[PDB]
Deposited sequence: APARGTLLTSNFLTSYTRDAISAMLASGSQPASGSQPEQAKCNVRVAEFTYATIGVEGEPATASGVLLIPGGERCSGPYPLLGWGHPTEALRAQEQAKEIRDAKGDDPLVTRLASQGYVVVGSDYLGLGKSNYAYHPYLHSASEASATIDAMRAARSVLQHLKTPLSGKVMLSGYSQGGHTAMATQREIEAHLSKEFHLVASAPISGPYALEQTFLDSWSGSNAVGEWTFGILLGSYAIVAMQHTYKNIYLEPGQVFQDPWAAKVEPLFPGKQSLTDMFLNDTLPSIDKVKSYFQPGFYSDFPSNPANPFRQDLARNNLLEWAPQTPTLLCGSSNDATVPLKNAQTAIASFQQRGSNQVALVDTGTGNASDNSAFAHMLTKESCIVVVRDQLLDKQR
């Protein structure tokens, strides 16, 4: 089956313009009714082998919202719950989601892949922070989405845009690079707005390895680092023969089934499935813990490096958004990327900060606040302008 082939499609629910505006009240007003659809499609694995995936499709409509519509590919954040489907999540949230309230309701067709290994995908695991598969899944999601839209006769302007939050920011940028390098004709990319992503992936881990970074305590580091380690092992299989070489007991034996698994990241954090960051030295094996920051050839580190999104020249107008208060994914990521881009001949990438400006508001928890905050900002400062 060709990449992007639509396997199944299905409408889930709908939301009137007024319903959405009511939600916003909780003072922006919706402009479009929003139809929520779900679908599965054919794509590829990390080795290029055939694979399936699922995705969400938000279609705007209404007398005050005639097309043509721009196509926005979206990258969701870190997801540990293997069965999680964005489309059903939105439906289960009565449509109260920024993708619906802030974008689709404003005339943007939103397409998001659940990623390999999640939702209805048939992949054995999720290649967390793996640029290539984050991009392939996203690309193929838009391809399948377009078959659906073509069948529904939804008028598309032809304009394509990208955005994503947290892991989704990495995803968004990874897709941008891929499209710009090889798919400029198929996808007329006019705007890219990665939100709070670890573009300088290797750098992010190195800076917070101790348990904290210049911004604050890397509170969720044990959950994110373990997901990254496990995922990178499944993908490159060069980190360990068995979990014990990296993780101390009794974690080693329960770490792989968790990423992804029967628990959401919030479940794990609240029920302390894994130790808190202050106990990082009690979690990782001593050898591994010290070798990582001092050996660039460390396997996990090389795997992180292969997934940095720094060595290239962005062609598409890009607005990196985040918050200086973010201690989970430091806005430093945005600064390093932009620095690398410029010395490569590109001046297409700009940065926008939504922080309070007070080092006092610094918190790993400020990360979640940037999602909807940055959606509105990048939407107004870049997306609407490139429409």
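Colleague: Compare what was deposited with what's modelled and send me the C-alpha-less stretches, numbered from 1.
Modeller: Counting from residue 1, the stretches without coordinates are 1, 28-36.
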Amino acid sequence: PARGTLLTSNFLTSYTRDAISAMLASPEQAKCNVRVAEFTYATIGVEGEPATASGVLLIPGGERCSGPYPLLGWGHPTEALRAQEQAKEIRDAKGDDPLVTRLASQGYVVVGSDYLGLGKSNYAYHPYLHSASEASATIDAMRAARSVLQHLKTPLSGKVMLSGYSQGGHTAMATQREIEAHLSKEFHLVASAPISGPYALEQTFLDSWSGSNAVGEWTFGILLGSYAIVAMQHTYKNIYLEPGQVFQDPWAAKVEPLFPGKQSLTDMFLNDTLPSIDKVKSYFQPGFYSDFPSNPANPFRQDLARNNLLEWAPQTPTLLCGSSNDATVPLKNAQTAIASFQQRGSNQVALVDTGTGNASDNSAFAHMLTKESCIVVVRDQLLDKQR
From here on, numbers count along this sequence of modelled residues.
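Colleague: Please compare 161-169 with 289-297 and say which has the higher mean C-alpha temperature factor in the record.
Modeller: Here the higher of the two C-alpha B-factor means belongs to 289-297.
Colleague: Could you check which stretch, 261-269 or 125-133, carries the larger mean CA temperature factor in the entry?
Modeller: It is 261-269.
Colleague: In the PDB entry, which of 200, 110, 214, 193 has its C-alpha at the highest B-factor?
Modeller: Of the candidates given, the C-alpha B-factor peaks at 214.
Colleague: Go through 54, 347, 318, 43 one by one and give the residue whose Cα B-factor in the PDB entry is largest.
Modeller: The C-alpha B-factor peaks, among 54, 347, 318, 43, at 347.
Colleague: Please place residue 95 in the lowest, middle or highest third of its chain by C-alpha B factor as given in the entry.
Modeller: CA B-factor rank for residue 95: highest third.
Colleague: Among the chain's modelled residues, which third holds the C-alpha B-factor of residue 106?
Modeller: Answer is middle: the recorded C-alpha B-factor places it there.
Colleague: In terms of the chain's CA B-factor thirds, is residue 337 lowest, middle or highest?
Modeller: Residue 337: CA B-factor falls in the middle third of its chain.
Colleague: Which third of the chain does residue 186 land in by C-alpha B-factor: lowest, middle or highest?
Modeller: Its C-alpha B-factor, which the entry lists for residue 186, ranks in the middle third among residues of this chain.
Colleague: How does the C-alpha B factor of residue 352 compare with the rest of the chain: lowest, middle or highest third?
Modeller: For residue 352, whose C-alpha B-factor we compare with every modelled residue in the chain, the answer is the highest third.
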